[PDB]
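Single chain ahead, by itself, as structure tokens, in the form solved without nicotinamide-adenine-dinucleotide (NAD).
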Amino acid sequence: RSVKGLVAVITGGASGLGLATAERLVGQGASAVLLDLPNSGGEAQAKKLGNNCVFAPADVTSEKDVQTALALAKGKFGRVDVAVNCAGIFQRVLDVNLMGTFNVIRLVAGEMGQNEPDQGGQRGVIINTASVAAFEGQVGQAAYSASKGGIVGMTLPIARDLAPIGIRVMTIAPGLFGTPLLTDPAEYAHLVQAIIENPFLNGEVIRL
């Protein structure tokens, strides 16, 4: 129930929610691999975060690039315990977020499978970020959700699919109110840590 010692791969880690999650986790004793595009500024950020953080240049929509990134993570920290998908947050449906997430989940599951189970039998934790569907003034049922639905709808199924390997799968979705109060990373990061530390949360979607 502690992130200390865990190795986390964070897509879109050079900035935004990804960077905020990395800073939080590293500050809590974990190791982080910032997986992001070359020239994204991930190299500088990984450097600033200390020797418990490395930069893995890669495009999340590329299976081969993600394999190289996971190999780097294993080469530098020994293994992969957690994957946090924060990248990208054709065009609207199969966007970078959905494609990168599915690509990461399919590849990291095999890696996490090699890990030895813990007390509760968990080998890994995967945390996804739902894609936001901008409010367009719709009325009725559609108004009750702020996410596209692709990643959210796949959460329970994927959690059930990886249960035998002891891999928990959770998704963080947006709330209905932008909470912009004008025109929060910390909150998102704290939720990531909380999900990682509670072995009882699995196959669920939590709105921030």
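Just count from 1 along the sequence shown to find any residue number. We call the rigid core whatever largest set of C-alpha positions still superposes within 1.5 Å between the two forms. Shifts are known only where both forms have a C-alpha.
Just so it is clear, the following notes concern the form solved in complex with nicotinamide-adenine-dinucleotide (NAD), a form of the same protein that is not shown.
Clashes are found between nicotinamide-adenine-dinucleotide (NAD), overlaid from its position in the deposited complex, and the backbone or C-beta atoms here, as 3 or more atoms lie within 2.4 Å; the site counts as blocked. Proximity of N51 to nicotinamide-adenine-dinucleotide (NAD) in the deposited complex: non-hydrogen atoms within 4.5 Å are absent; the residue sits far from the partner.
Among residues of the shown chain, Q193 is not one whose heavy atoms approach nicotinamide-adenine-dinucleotide (NAD) to within 4.5 Å in the deposited complex.
In the deposited complex, nicotinamide-adenine-dinucleotide (NAD) stays beyond 4.5 Å of every heavy atom belonging to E43. Within this chain, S131 lines the site of nicotinamide-adenine-dinucleotide (NAD) in the deposited complex, having a heavy atom no more than 4.5 Å away. For the residues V169, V60, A30, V33, the 4.5 Å heavy atom test against nicotinamide-adenine-dinucleotide (NAD) in the deposited complex is passed only by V60.
Taking nicotinamide-adenine-dinucleotide (NAD) as positioned in the deposited complex, the residues of 164-180 that bring a heavy atom within 4.5 Å of it are, in sequence order, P174, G175, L176, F177, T179, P180. After superposition on the rigid core, the single residue among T155, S145, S40, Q45 whose C-alpha moves by 2 Å or more between the shown form and the other one is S145.
Core-superposed comparison between the shown form and the other one: the Cα of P57 travels less than 2 Å. Relative to the superposed core, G166 undergoes a Cα shift smaller than 2 Å between the shown form and the other one.
A displacement of 2 angstroms or greater separates the C-alpha positions of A133 between the shown form and the other one, with the rigid core held in common. Here's the thing about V152 and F135: their CA atoms end up at least 3 Å closer in the deposited complex than they are in this form. Between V132 and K64, the Cα distance is greater in the deposited complex than in this structure, by no less than 3 angstroms. The rigid-core fit between the shown form and the other one yields the following 3+ residue runs with every Cα displaced by 2 Å or more: 90-93, 131-148, 174-180.
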